[PDB]
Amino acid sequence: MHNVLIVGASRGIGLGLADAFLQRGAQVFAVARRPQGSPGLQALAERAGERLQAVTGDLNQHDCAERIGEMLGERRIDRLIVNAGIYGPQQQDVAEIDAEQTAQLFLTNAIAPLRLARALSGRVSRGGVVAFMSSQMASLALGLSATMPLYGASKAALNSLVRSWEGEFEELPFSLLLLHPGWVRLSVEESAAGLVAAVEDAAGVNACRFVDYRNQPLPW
């Protein structure tokens, strides 16, 4: 049984990933801010029993890694998926975004994901996979983020920070993935099944990849 850690698993694609990994036979550790308040996560917990361990945790809390670690004990993480993401201000307007909103956006979407992944990295299996939920809107070459520029810039910043982390290693000890889930309203189930296949395709490769739910590369 692989150990899979999904950070941000109460709903949407995060929950879908927990479900999809469970269906492959993994032991899943599913972190959410309010796990008890997610009927989706509760339903998965009931069905999988002990194979789905819900964990209360918040990416933005500085003790998050410590709490996850204490919970995991000596168990190694085969697949670490950080499914951080907020939209930022609904108007996506550079003229109006304030300091508090800027901090929240870039901490949640870019900085805290790296802080957490780095802090847990000593537990990640060699030849495993660390993946971050990114977006097509992160791509500079595609340049598709005009209607949500702040969101897209936060995901470009995430991609940048992951590339910077890669640059700290002589050779990668695990793969580093930046994931585009597709434009899910495309079901969560199809997206998650695809993303699981993309993640598993990178296991043992120790490569940096920016890929979508079909395992197709996106340009930077």
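The first residue of the shown sequence is 1; numbering continues from there.
Across the other compared structures of the same protein with both neighbouring residues present, residue 163 carries coordinates in every case, with no third of them leaving it out. In at least a third of the other compared PDB entries of this protein that cover both flanking sides, residue 184 is left without coordinates. Unmodelled stretch separating residue 34 from residue 35: none (count of deposited-sequence residues without coordinates).
In this entry, 54-62 shows the higher mean Cα temperature factor of the pair 54-62 and 160-168. The PDB entry reports B-factors from which the mean C-alpha value can be compared for 45-53 and 190-198; the larger average falls on 45-53. In this structure the maximum Cα B-factor among 72, 148, 124, 116 is found at 72. You'll see in the entry that, of 179, 176, 68, 28, the Cα B factor peaks at 68. Annotation for residue 218: CA B-factor lies in the lowest third of the chain's modelled residues. When the modelled residues of the chain are ordered by their C-alpha B factor, residue 84 lands in the highest third.
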